[PDB]
Amino acid sequence: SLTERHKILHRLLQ
Amino acid sequence: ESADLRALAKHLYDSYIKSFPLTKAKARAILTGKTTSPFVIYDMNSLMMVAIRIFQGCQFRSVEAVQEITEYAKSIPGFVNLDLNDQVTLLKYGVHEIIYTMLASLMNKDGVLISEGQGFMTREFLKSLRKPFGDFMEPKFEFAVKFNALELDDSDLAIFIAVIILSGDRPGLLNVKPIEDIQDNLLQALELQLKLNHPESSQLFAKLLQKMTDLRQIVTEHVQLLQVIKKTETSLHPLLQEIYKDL
Ligand SMILES: CCCCc1nc(C(C)C)c(CC(=O)OCC)c(=O)n1Cc1ccc(-c2ccccc2-c2noc(=O)[nH]2)cc1
């Protein structure tokens with residue numbers, strides 16, 4: 001849910 | 001150990017050189033004129049050659065810096081093996097603290113380099129912007145002058161910002177045990193690096209550690225300052241939006 005509430009940040013990590 | 005602590009310091013220094021455009025070594029040489037000169041902004045006229053203009057243009061590099069810090073984080077040994085949810089938490093709560101550390105390198109008592117050193121904005125001009133915008137930078141300037149009197153170089157700063165990213169007490173962290181065991185190891189690298197890089201400053205480690213709490217409160221006071229703007233000043237970049245929400 002952290003990666004769902006931070007889609008831009010989550011995508012910069014992958 | 002020790003020999004491996006030195007290898008980690010070199011690894012982080014390399015990564016830091018690769019991720020950030022302006023090192024402290026370049027910035028200082030620009031600020032002191034020793035470089036082989038930035039445009040100087042001191043009022044509205046020298047800017048166009050208004051507080052919203054500054055405020056919105058500042059978001060530009062801020063977005064780019066979250067990207068650079070995120071890439072630097074991904075190179076910290078162990079970091080990409082952590083639960084991906086906790087990777088988001090550490091970056092959410094650390095990016096601003098890292099911005100303010102790196103911002104100090106670009107500051108003196110009299111102003112701040114901007115646009116990768118191609119400009120210099122004066123502290124007087126920032127402090128003279130209409131309320132409440134005039135107070136946004138002053139807490140950064142007073143932290144920067146104290147922090148620069150420690151006289152760290154980039155090789156020290158590389159490990160220091162790694163220590164800031166790997167804080168075990170961030171809110172919402174799922175599994176702190178693996179985060180705390182990386183930071184303890186980075187704190188060990190920092191302690192050893194400061195012994196080597198500054199054999200004369202007995203308690204520079206202790207002095208440096210106490211700055212980490214200074215940063216935390218600049219971010220707290222900044223966030224409270226920004227809530228008032230959003231209430232009384234009628235945009236924010238979606239990635240700044242996602243970092244500030246519930247922060
Ligand atoms: C609200 C927070 C204020 C911060 C801030 N305040 C100013 C002034 C108005 C005081 C400007 C100037 C500016 O753009 O206003 C245009 C007229 C500014 O950009 N930011 C954002 C910023 C973000 C990241 C970095 C950074 C980080 C890590 C490594 C390197 C850098 C870096 N080194 O050189 C760069 O350009 N970025 C630096 C600066």
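These values consider heavy atoms only, across backbone and side chains, with no hydrogens, waters or symmetry-generated copies. Start at 1 and go down the list; that is how both ligands and their atoms are numbered. In what follows, chains are A, B, ... by sequence order, proteins preceding strands, each numbered from 1.
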In ligand 1, which numbered atoms sit nearer than 4.0 Å to a non-hydrogen atom of [X]?
X: B:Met102; result: 27 (C), 28 (C), 29 (C)
X: B:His222; result: 1 (C)
X: B:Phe20; result: 29 (C)
X: B:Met121; result: 9 (C)
X: B:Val112; result: 10 (C)
X: B:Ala65; result: 24 (C), 27 (C)
X: B:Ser115; result: 36 (O)
X: B:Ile114; result: 12 (C)

Measure [X] to ligand 1 on non-hydrogen atoms and call it side chain, backbone, both or neither using the 4.0 Å cut-off.
X: B:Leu126; result: side chain
X: B:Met137; result: side chain
X: B:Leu106; result: side chain

Between the side chains of [X] and [Y], is a donor N or O closer than 3.5 angstrom to an acceptor N or O?
X: A:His10; Y: A:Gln14; value: yes
X: B:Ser167; Y: B:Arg170; value: yes
X: B:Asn175; Y: B:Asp86; value: no

Give a yes or no on whether the ring-centroid distance for B:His11 and B:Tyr16 is below 6.0 angstrom.
no
Are the aromatic rings of B:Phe20 and B:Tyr72 close, with centres under 6.0 Å apart?
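Centroid separation for B:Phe20 and B:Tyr72: below 6.0 Å.
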Pick from B:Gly117, B:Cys58, B:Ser105: the one approaching atom 3 (C) of ligand 1 most closely through a non-hydrogen atom
B:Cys58
So between B:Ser62, B:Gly57, B:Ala27, whose heavy atom ends up nearest atom 23 (C) of ligand 1?
B:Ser62
Just by distance, do the side chain of [X] and the backbone of [Y] share a donor-acceptor pair under 3.5 Å?
X: B:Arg61; Y: B:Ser115; value: no
X: B:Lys146; Y: B:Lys211; value: no
X: B:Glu97; Y: B:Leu215; value: no

Aromatic rings B:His96 and B:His222: how do their planes relate, parallel, tilted or perpendicular, breaks at 30° and 60°?
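B:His96 vs B:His222 ring planes: tilted.
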Looking only at distances, please establish whether an N/O atom of ligand 1 is found under 3.5 Å from an N/O atom of B:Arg61.
yes
Compute the minimum heavy-atom distance from B:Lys140 to ligand 1 and say whether it is under 4.0 Å.
no
Would you please test B:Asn108 and B:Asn148 for side chain to side chain donor-acceptor pair (under 3.5 Å) and show each step?
CA-CA 8 Å; B:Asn108 56 36; B:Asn148 290 339; over 6 Å; no
